[PDB]
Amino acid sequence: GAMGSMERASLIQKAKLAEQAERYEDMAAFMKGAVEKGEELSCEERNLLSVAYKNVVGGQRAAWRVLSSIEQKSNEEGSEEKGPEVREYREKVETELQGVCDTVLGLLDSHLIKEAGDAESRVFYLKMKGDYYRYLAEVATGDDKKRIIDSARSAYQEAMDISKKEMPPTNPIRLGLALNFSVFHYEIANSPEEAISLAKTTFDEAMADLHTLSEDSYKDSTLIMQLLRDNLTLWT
């Protein structure tokens, strides 16, 4: 571990500094180091980890989509043969993305999930596991593509089952899990009806629980509820 010689607290401090400087690859490396210290993560630390890798992989996904679009056009009937370069460079970005996903999935498996007992941590990490198998699924084409999709589904399902038993319907982790599992259904599993049903039911059950919340909790919950409505508007 290249971070093995830095104090855990210094790694967390520098992750926060990297965030302020918009240096998300550094932020991710610092949080990987903090995870590898072996202690459980606080709520703030879990979100620092998630924010860092979501930003890194988000940029990779954006790049991969640009390149995949160029590649698909280069292969159309009538296009001029550009040679292997577009495929090669899309594969390079794809391999780097898969590497980041494998790294995050490795942290979750060694050993964040197994030590996560509280709903707020365990649901958070299982949602992450679903998210990073989803990103792998977005680029998958081989013998194990259906297994990748099912790994995402299984992680999301375990998170959903815990969230429904242990969290109120307005809990923002529960809401964000349902948002993303709904996108999984729509974009990955070819199940738009399941995606719409999940988003609508999640929204309506949250709506009915808002009356229990403080102003600050209400702001947090309605923020995610609006993303659910946004997706429903896109899909209907």
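Between two forms, the rigid core is defined as the largest C-alpha subset superposing within 1.5 Å. Position 1 is the first residue in the sequence shown; the rest follow in order.
Between stretches 207-215 and 185-193, the one whose Cα atoms sit farther from the displayed model in 9 other deposited structures of this protein on average is 207-215 (core-aligned, root mean square). Taking 216-224 and 19-27 in turn, the stretch whose Cα atoms are more displaced from the shown form in 9 other deposited structures of this protein following rigid core superposition is 216-224. In at least a third of the other compared PDB entries of this protein that cover both flanking sides, residue 76 is left without coordinates. Here the stretch with the larger average CA B-factor, out of 136-144 and 120-128, is 136-144.
The PDB entry reports B-factors from which the mean C-alpha value can be compared for 181-189 and 64-72; the larger average falls on 64-72. Annotation for 79, 103, 157, 151: 79 ranks highest, by Cα B-factor. Residue 97 sits in the middle third of its chain by CA B factor, as recorded in the PDB entry.
For residue 10, the recorded CA temperature factor ranks within the lowest third of the chain's modelled residues. In this PDB entry, the Cα temperature factor of residue 17 sits in the bottom third of its chain's modelled residues, the lowest group. When the CA B factors of the chain's modelled residues are split into thirds, the value for residue 208 lands in the middle one.
Among all modelled residues in its chain, residue 109 ranks in the lowest third by Cα B-factor.
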